Amino acid sequence: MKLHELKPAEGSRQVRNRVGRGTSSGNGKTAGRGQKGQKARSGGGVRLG
Amino acid sequence: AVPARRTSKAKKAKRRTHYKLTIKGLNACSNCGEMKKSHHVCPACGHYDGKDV
Amino acid sequence: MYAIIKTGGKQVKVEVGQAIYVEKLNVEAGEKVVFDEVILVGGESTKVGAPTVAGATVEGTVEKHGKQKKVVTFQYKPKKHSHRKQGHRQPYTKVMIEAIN
Amino acid sequence: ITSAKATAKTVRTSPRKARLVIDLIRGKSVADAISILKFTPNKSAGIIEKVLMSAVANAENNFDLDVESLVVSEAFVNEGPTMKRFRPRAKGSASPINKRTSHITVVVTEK
Amino acid sequence: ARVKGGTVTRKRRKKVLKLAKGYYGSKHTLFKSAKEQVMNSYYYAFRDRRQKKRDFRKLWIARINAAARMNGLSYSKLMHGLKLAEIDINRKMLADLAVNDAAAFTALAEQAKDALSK
Amino acid sequence: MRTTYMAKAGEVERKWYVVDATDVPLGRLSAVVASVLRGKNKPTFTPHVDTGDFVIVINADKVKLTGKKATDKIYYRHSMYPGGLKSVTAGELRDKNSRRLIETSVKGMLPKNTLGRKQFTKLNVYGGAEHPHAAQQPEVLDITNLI
RNA sequence: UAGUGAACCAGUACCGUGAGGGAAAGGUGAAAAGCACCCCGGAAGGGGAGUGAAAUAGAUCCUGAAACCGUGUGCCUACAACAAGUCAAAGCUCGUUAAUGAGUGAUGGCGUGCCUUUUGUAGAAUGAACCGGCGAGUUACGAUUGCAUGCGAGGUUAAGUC
RNA sequence: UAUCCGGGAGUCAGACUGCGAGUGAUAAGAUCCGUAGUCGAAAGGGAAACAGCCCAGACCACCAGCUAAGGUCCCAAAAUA
RNA sequence: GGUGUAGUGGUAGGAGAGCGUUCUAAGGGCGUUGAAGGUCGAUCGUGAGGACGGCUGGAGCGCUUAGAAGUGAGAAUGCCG
Ligand SMILES: [K+]
Ligand SMILES: [K+]
Ligand SMILES: [K+]
Ligand SMILES: [K+]
Ligand SMILES: [K+]
Ligand SMILES: [K+]
Ligand SMILES: [K+]
Ligand SMILES: [Mg+2]
Ligand SMILES: [Mg+2]
Ligand SMILES: [Mg+2]
Ligand SMILES: [Mg+2]
Ligand SMILES: [Mg+2]
Ligand SMILES: [Mg+2]
Ligand SMILES: [Mg+2]
Ligand SMILES: [Mg+2]
Ligand SMILES: [Mg+2]
Ligand SMILES: [Mg+2]
Ligand SMILES: [Mg+2]
Ligand SMILES: [Mg+2]
Ligand SMILES: [Mg+2]
Ligand SMILES: [Mg+2]
Ligand SMILES: [Mg+2]
Ligand SMILES: [Mg+2]
Ligand SMILES: [Mg+2]
Ligand SMILES: [Mg+2]
Ligand SMILES: [Mg+2]
Ligand SMILES: [Mg+2]
Ligand SMILES: [Mg+2]
Ligand SMILES: [Mg+2]
Ligand SMILES: [Mg+2]
Ligand SMILES: [Mg+2]
Ligand SMILES: [Mg+2]
Ligand SMILES: [Zn+2]
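Attention in this report is confined to the structure presented alongside it.

**Side note on the protein's contact with RNA strand H**
Working step 1: Close to RNA strand H lie 51 residues; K80(C), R49(E), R69(E), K92(E) and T4(F) are nearest.
Working step 2: A breakdown of the atoms of RNA strand H within 4 Å of the protein gives sugar and phosphate a share of 78%.
Working step 3: One of the side-chain nitrogen or oxygen atoms of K53(E) is found 2.9 Å away from a phosphate oxygen of RNA strand H.
Working step 4: Within the side chain of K40(F), one N or O atom sits 3.3 Å away from a phosphate oxygen of RNA strand H.
Working step 5: Those elements giving two or more residues to the surface near RNA strand H turn out to be β8 (71-76) and β9 (83-88) of chain C, α3 (31-70), α4 (75-84) and α5 (91-100) of chain E together with α1 (26-38) of chain F.
Working step 6: Per-element accounting of the surface near RNA strand H gives the leading share, 15 residues, to α3(E).
Working step 7: Of the residues assigned to the surface near RNA strand H, the class counts are 15 nonpolar, 15 polar and 21 charged.

If you want it as structure tokens, here you go:
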């Protein structure tokens, strides 16, 4: 392989999904957390079980 | 009471329409011909009604 | 003389020596095209197609193929944090009318 | 070669109040403008008069133009740097004060 | 690896402002007001690209009605008669004939009246 | 193709019509007159341009009011001062100021915009059988079939 | 506006009785060659004349955006009720990435902003004076699932040495 | 199309209309259920304006045509049928 | 690639595919015969967005492939100017 023609195997790497970066992305504003509630807070959610 | 809405440039300019200066009463002086205010002593030659003062 | 012909789901008035814009025709530029659905012929006399004037045809030459000015469809609903922007350029064919029969 | 300009920059005066006097003299013969400015009591009249006389001196000395023909072709006042000050108010607070400055430009042409 | 704001923000806002050119005062000068008005303009434009067809059909119908009345017939009677007579000339062409080619429109009206009588 | 005809101001000729209101219902007279004033009777009609014809109404004093409208149809108007409501019956308007009666009726049927008001100005109502617009060479407009 | 609070006389100025809190502020030009001399002005500041490749690089000095202010004018506007636009459009003006062009626009149709939060908001509910900059799902170690690669009843090294 | 297995959620304030009941006074744009629809998350046409009613589900271009609810004397398209 | 059929409103939210920003590596380039940046234009693409020309500007910067993120603002009575 040539350093100027590198190519990963198909499906080996994916693009990270960034939330809170506009509405059209599908995770804008609420960042997929919903509206209000405990699970919508930073550090929110109840302990496992 | 406070301005509920800011005044736009157009409305501001409209209001200032009449906020202008005026210059009136200027005409030539008999003695020296320079411009002077009517009924006032010509400041340059100090003459009024054809006499020095 | 002039004619009225059916083309692209629409009716257009045509005179010899005039260019008309119609929906994209599957014809190369500079080629002859014949509109065989003439719904009227007017001028000194009047021929009324019922629905089409029998044996009447209009001839033209495809001057150009082009795209109209872009149209932007921007759909959004207020207060629903949602919008969708879309572009369009409708293809068209410019045809010079040569003969009316 | 036909026009001369003079400018007074960062002159302490209200741009709006200066623009009033500038509107008086705009588009007038130099002699008429001088008379108007001399008999105008507003503060900016004298400053604008100095700028106008400077422009006329430029037209004459620097370019050898005909004084009698000169007319005020252009004249305007632009905002300059604003000095910030503060005025104490009631109840231990302060309010800003904008001490304004003006760029006064006068351009005089042969005809 | 720090990515400062750069020029992308200015480019985006300038595009919006150029779209807003010609608007009244702040609506073309200020980005936020400009964007809101441009969004409303998009909404109005999409709606009007459909209303425009309605309006022109309405205008053609009115003009055809006037011409039909002058020929001794109502718009509804004329359209029914043309349908019976197999005439497919649409309202755009009919209104064009009424204004421009009165003789041609009269011939169409005569055929429609004949079909109605039959 | 964008070839629809659009009228221009001043190119289209506006004729002058005389309408006889004798024993014609007020509303029907107003409706036909309003269509004429707007220009809906001419193929060159253009909604954004004035293209209608002038109308002169004669014998306005003899307009017809069916039912008890002569005594029961009441025209109101407010001075915009408190308790400043004034009223006048349609019959009284016909007797004293018939021009106002016809003009009010036709105003209601014209569009409420600049073009509508300009079109309204082309109206001229006269109680009695004579008008001062002979110079304009108006022609009679039979409306018996139009009402 | 980052990076130490501090690229610069910063733990300074400033604030507090005191402990303490705590800023703003970088860039002329290759070289000062930092505008001799003349003119207006009391000066400031300008106009010439010069230096310079460049002075609209003149020390508020590289670039010089937007808000904001002003000048000039191609078009429109003093019978009009306007979320300010959009669709249709005469007239006038102009000639572009030459495109079924551009600017303006009488007049007519339609039409109650954006965001948040709500069963429901043009909302007389919330937030934004405007512009610019900064400003919010990241990393470490583990768990689990998908996808991918190597090997395969095997797979794999950790600390550590070079 | 249904199951099943697994990854990722959001939702636990609903509203009105029609129909069947309760509570209420056989009142409430009331309240509480069952049931169907719409809104919620749905633009468009009609009901003057009018989320929930009637008709109907916008991928786009057209200065083409036929219709639904609703309408055809003028505003205002279409019957002074 | 072609034909046919069907489908393409959408909040919470799930899936997929992309635009743009800074930087790294490789390759291939561009720049005092004017880079970045700024500004204007009637340009191209389905979208984020991409070119091209004029003017300003005066020294760095694209392009292709892959990689890493302080990677995208219009709202927080946000902070500073
Ligand atoms: K989620
Ligand atoms: K410079
Ligand atoms: K201007
Ligand atoms: K309008
Ligand atoms: K409140
Ligand atoms: K129910
Ligand atoms: K803010
Ligand atoms: Mg990664
Ligand atoms: Mg979503
Ligand atoms: Mg948002
Ligand atoms: Mg929230
Ligand atoms: Mg909740
Ligand atoms: Mg929740
Ligand atoms: Mg005190
Ligand atoms: Mg930013
Ligand atoms: Mg339709
Ligand atoms: Mg420069
Ligand atoms: Mg500078
Ligand atoms: Mg009036
Ligand atoms: Mg007027
Ligand atoms: Mg509530
Ligand atoms: Mg507020
Ligand atoms: Mg209830
Ligand atoms: Mg909700
Ligand atoms: Mg609806
Ligand atoms: Mg709503
Ligand atoms: Mg659909
Ligand atoms: Mg039909
Ligand atoms: Mg009608
Ligand atoms: Mg860079
Ligand atoms: Mg960031
Ligand atoms: Mg801000
Ligand atoms: Zn004197």
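**Things to note about the interface of chain C and chain E**
It is common to give the size of an interface as the accessible area lost on bringing the parts into contact.
Working step 1: Contact with chain C, which involves 20 residues of that partner, is made by 19 residues of chain E.
Working step 2: With both sides pooled, the region where chain C packs onto chain E buries about 1700 Å², and carbon together with sulfur makes up 61% of that total.
Working step 3: Linking chain C to chain E there are one salt bridge.
Working step 4: Scanning the region where chain C abuts chain E turns up five residue pairs in polar contact.
Working step 5: Elements with a contribution of two residues or more to the side of chain C that touches chain E: β1 (2-7), β2 (10-14), β5 (38-42) and β8 of chain C.
Working step 6: For the side of chain C that touches chain E, the element with the highest residue contribution is β8(C), accounting for six residues.
Working step 7: For the side of chain C that touches chain E, the class distribution of residues is twelve nonpolar, five polar and three charged.

**Observations concerning the packing of aromatic side chains**
A ring pair, where both rings are aromatic, is described by two values, the distance of the centres and the angle of the planes.
Working step 1: On inspection of all chains with the given rule, the structure shows six aromatic pairs over all chains.
Working step 2: Centre to centre, the rings of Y21(C) and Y92(C) are 5.3 Å apart; their planes meet at 55 degrees, and the pair counts as tilted. With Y21(C) in strand β3 (residues 19-23) and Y92(C) in strand β10 (residues 91-100), this residue pair connects regions lying 71 residues apart in the sequence.
Working step 3: Residue classification places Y21(C) among the partly exposed positions, given a relative accessible area of 39%.
Working step 4: Look at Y92(C) and you get buried, because its relative accessible area is 12%.
Working step 5: Between the aromatic rings of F74(C) and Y76(C), the centroid separation amounts to 6.0 Å while the plane-to-plane angle is 50 degrees, which identifies the pairing as tilted. Pair check on accessibility: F74(C) and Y76(C) agree, each one buried.
Working step 6: One aromatic cluster is present, formed by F74(C), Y76(C) and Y42(E) through successive ring pairs.
Working step 7: In this arrangement the basic side chain of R50(E) is found over the ring face of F46(E), its NZ or CZ atom lying 3.7 Å from the centre.

**Section: the pairing of β5(C)**
Residue and element names in this part refer to chain C.
Working step 1: By the criterion of burial, β5 is predominantly enclosed, with five of the five residues buried.
Working step 2: Both β5 and strand β6 (residues 47-48) contribute to a ladder of two bridges, which runs antiparallel. Across the sheet, the residue bridging to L40 is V48, located in β6.
Working step 3: Where β5 folds back on β6, the antiparallel hairpin that results is connected by four residues, among which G43 adopts a positive phi of roughly 145 degrees.

**Details of the packing of α3(E) against α5(E)**
Residue and element names in this part refer to chain E.
Working step 1: Relative orientation of the contacting elements α3 and α5 amounts to 45 degrees, with a least axis distance of 8 Å. It follows that α3 is oblique to α5 by the angle criterion. In the packing of α3 onto α5, the handedness of the crossing is left-handed. Two secondary-structure elements touch here, α3 through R57, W60, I61, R63, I64 and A67 and α5 through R91, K92, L94, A95, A98 and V99.
Working step 2: Classifying every residue of the contact of α3 with α5 by side-chain character gives eight nonpolar, no polar and four charged.

**Some points on the protein's contact with RNA strand G**
Working step 1: For RNA strand G, the set of nearby residues contains 81 residues, the closest of which are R16(A), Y92(C), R19(D), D48(E) and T114(F).
Working step 2: Protein-proximal atoms of RNA strand G, defined as those within 4 Å of the protein, fall in sugar or phosphate at a share of 80%.
Working step 3: With respect to RNA strand G, the backbone of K9(D) contributes an N or O atom lying 3.1 Å from a sugar or linking oxygen.
Working step 4: In this structure, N40(E) approaches RNA strand G through a side-chain N or O atom, which is 3.2 Å from a sugar or linking oxygen.
Working step 5: When residues of the surface near RNA strand G are assigned to their parent elements, the largest contribution, 13 residues, is made by α3(E).
Working step 6: Residue classes in the surface near RNA strand G are distributed as 24 nonpolar, 24 polar and 33 charged.

**Focus: the sheet that holds strand β1 (residues 3-11) of chain D**
Residue and element names in this part refer to chain D.
Working step 1: Reading across the sheet, the three strands line up as β1-β5-β2 and stay open at both edges, with antiparallel pairing between neighbours. The open sheet is flanked by β1 and β2 (71-79), the only strands paired with a single partner. Taking the axes of each pair of neighbouring strands and ignoring which way they run, one obtains an average angle of 10 degrees across the sheet.
Working step 2: Two elements, β2 and strand β5 (residues 102-109), share eight bridges in a ladder whose sense is antiparallel. When the sheet's bridge partners are listed, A75 is paired in β5 with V106.
Working step 3: Contacting β2 and β5, helix α1 (residues 15-25) runs over the sheet at an angle of about 170 degrees to β2.
Working step 4: Lying over the sheet, helix α3 (residues 43-62) contacts β1, β2 and β5, oriented at roughly 145 degrees with respect to β1.

Definitions and cut-offs
Residues numbered from 1 in each chain as written, not as in the entry; some residues may be left out. Chains lettered and ligands numbered in written order. Part of a larger assembly, values for the part shown. Heavy atoms only, no water. Near = heavy atom within 4 Å. Polar contact = N/O pair within 3.5 Å; in protein donor to acceptor, adjacent residues only side chain to side chain. Helix = DSSP H or I, 4+ residues; strand = E, 2+ residues; numbered from the N terminus. Nonpolar A, V, L, I, M, F, W, Y, C, P; charged D, E, K, R; others polar. Contact = heavy atoms within 4.5 Å. Buried area = accessible area lost by both parts, 1.4 Å probe. Salt bridge = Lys/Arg side-chain N within 4 Å of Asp/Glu carboxyl O. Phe/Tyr/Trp six-rings, centres within 6.5 Å; stacked < 30°, edge-to-face > 60°. Buried < 20%, exposed > 50% of the residue type's maximum accessible area, 1.4 Å probe, protein only. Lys NZ or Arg CZ within 6 Å of the ring centre and 35° of its normal. Pairing = 2+ DSSP bridges. Axes fitted to C-alpha atoms, helices over the stretch in contact; angles between N-to-C directions. Parallel < 35°, antiparallel > 145°, perpendicular 65-115°, else oblique. Left-handed = near helix turned anticlockwise from the far one by under 90°.

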